[PDB]
Structure formats: C-alpha cells, structure tokens
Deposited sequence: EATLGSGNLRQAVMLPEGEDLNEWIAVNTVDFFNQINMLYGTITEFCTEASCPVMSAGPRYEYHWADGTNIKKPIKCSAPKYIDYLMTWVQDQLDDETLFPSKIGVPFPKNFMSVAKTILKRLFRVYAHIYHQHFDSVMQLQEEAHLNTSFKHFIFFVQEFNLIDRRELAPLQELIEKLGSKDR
C-alpha cells in the first residue's frame, strides 16, 4: 500500500486526496452499515472508543454513538457534494481551504473506525467482516500517514493497531 497511496507521477495532490477521501468515506459508510443493527441508543449511550476515549457533542454535552456517527457521516457526504469544495467540473480549482476541510473529514472518519473497533469488534467478527475492516483501515491509515493528514492526538485510540499494521 505504501506505493499505491503515493501521489501518482504528474498527479495533482488535491485531486489525489479528493478521490481517495471519497473512497474512504464509502468504505467506512459500508462498514458501519453492517453493524448499525448493533449500534443503538441502548448499546452506546455515549460516543466512545473504549474506556479511555470519549467524543463529546460539544465542549460538556454528550450524545449517543448512532446520533454522533449519523451526524458526522451526513456532514461528510454533504462536503463531498459541495461543488465549491469538491469541484467536479474541469477548470474549477479546489478552494484555498480544501486541505483543511479534507483533514477534518479524515479526522472524523477515523472516529467511526475507532468506535467500531472498540465497541463492535464482536459483531465484526461474527459477520466475518474482520479482514474487510482491517484492509480498509490499513489503506486509510497508510494514505493519511503518507501525507500526514491526521494529527497524532486524534490517532491515539488505535495507535496500538496502527503499529501492528505497519
């Protein structure tokens, strides 16, 4: 993956990041979809990634994982559909704040992986989606590491896993 995630010769960095970000959104959207039946208001009253990491709605104001993830994923899809942020027409340049928006998108998608690994790994294994989860996460992480798109603090919840995959 180290090579596949590298910027192709002559390829535009923003376009490269844009195309891959869409792919990552689709993969995590698919993976979370497989376990939504098990991520409920009762199972996850607060958005967390294990006993050591929790994600507040505002800060503190907390909310369930399903509500948190649905809002986060809806927001990402809206950004992908924003022609001013992710131009699809030829000649239209990416906005000046594109890199910043892309990093925010990736930092947020990471939290979905974190939640699934920490709170629903049992369902992943039962659905035999373990290999799929690991493969998509590895691609995601290798890409972010290649361009240093996610700060070290954000990655804390899956640091142990990150090292093993490396």
{"property": "Missing residue ranges, deposited sequence indexing starting at 1", "result": "1 to 8, 68 to 73, 181 to 184"}
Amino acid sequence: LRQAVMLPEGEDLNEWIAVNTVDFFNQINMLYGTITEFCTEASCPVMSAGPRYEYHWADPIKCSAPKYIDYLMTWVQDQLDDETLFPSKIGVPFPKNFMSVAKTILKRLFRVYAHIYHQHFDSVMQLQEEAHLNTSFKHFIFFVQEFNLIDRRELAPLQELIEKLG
From here on, numbers count along this sequence of modelled residues.
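In this text, rigid core is short for the largest set of C-alphas that superpose within 1.5 Å between two forms.
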property: Greater Cα displacement in 6 other deposited structures of this protein once the core is superposed, comparing 61 to 69 with 42 to 50; result: 61 to 69
property: 136 to 144 versus 110 to 118 - which carries the larger mean C-alpha B factor in the record; result: 136 to 144
property: Mean C-alpha temperature factor, higher of 64 to 72 and 120 to 128; result: 120 to 128
property: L13 - Cα temperature factor, lowest/middle/highest third of chain; result: highest
property: B-factor third for the C-alpha atom of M30 within its chain; result: lowest
property: Ranked C-alpha temperature factor of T104 among modelled chain residues, by third; result: lowest
property: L85 CA temperature factor, ranked by third within the chain; result: middle
